[PDB]
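One chain comes next, on its own, written as structure tokens: the form deposited in one PDB entry.
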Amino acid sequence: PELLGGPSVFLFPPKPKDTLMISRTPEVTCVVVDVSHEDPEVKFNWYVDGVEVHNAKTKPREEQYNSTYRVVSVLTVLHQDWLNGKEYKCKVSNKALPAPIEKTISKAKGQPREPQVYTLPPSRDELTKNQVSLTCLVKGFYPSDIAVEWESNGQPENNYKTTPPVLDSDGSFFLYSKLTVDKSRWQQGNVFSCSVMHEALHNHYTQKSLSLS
């Protein structure tokens, strides 16, 4: 493990969902890799919009297969602060470095935009099969932080994948979520729902339904 350039820092956003519901705790995450065994000590300083804060929580070191430590510090953010646009600075200091590394993360900048949520039934051509595809189109949203889930008759449906967001011609984003179910279930008349959570929705939530006729 040679490590000529010393540690490197990567800084992560909270999960889209944790920012959008008060029940949940959104966190920013500072990860230092390539810490040598020779100079293991790492010190964090954290700043919100330039002011130093003191409430972050550093984990103990972790030996890795490549024989370097990984060191992680976690700062809990306020829901309002993340959404109000505040700048989170992680500053990291190690003797292998000529100067600390500073990384900054914030929510994306720009006028927010309400997602439009359209659900779509299977193509007729799909009714041939034993499984059909229930589709949820979510478009015209900004920023790209969003959560999309599916459920039926109250319970969450397990067999679905949502594509990541895609940047559309007008600066907004869109995605698709495909829910796969049995042909019987869909014809049996069951009610399915596409749950969307996003900062621009009244009450951070909207829910569109889908079923046969």
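Start at 1 and count along the sequence shown; that's the residue number.
One more form of this protein should be noted, the form deposited with a partner chain bound, which is absent from this view; the next part is about it.
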Original post:
Does at least one non-hydrogen atom of residue 12 fall within 4.5 angstroms of the partner chain in the entry with it bound?
Top reply: no
Original post:
Even though the partner chain is not shown here, does residue 60 get within 4.5 Å of it in the entry with it bound, heavy atoms only?
Top reply: no
Original post:
Are any of the heavy atoms in residue 145 no more than 4.5 Å from a heavy atom of the partner chain in the entry with it bound?
Top reply: no
**OP:** Find out whether any non-hydrogen atom of residue 91 is located within 4.5 angstroms of the partner chain in the entry with it bound, and reply yes or no.
**Re:** no
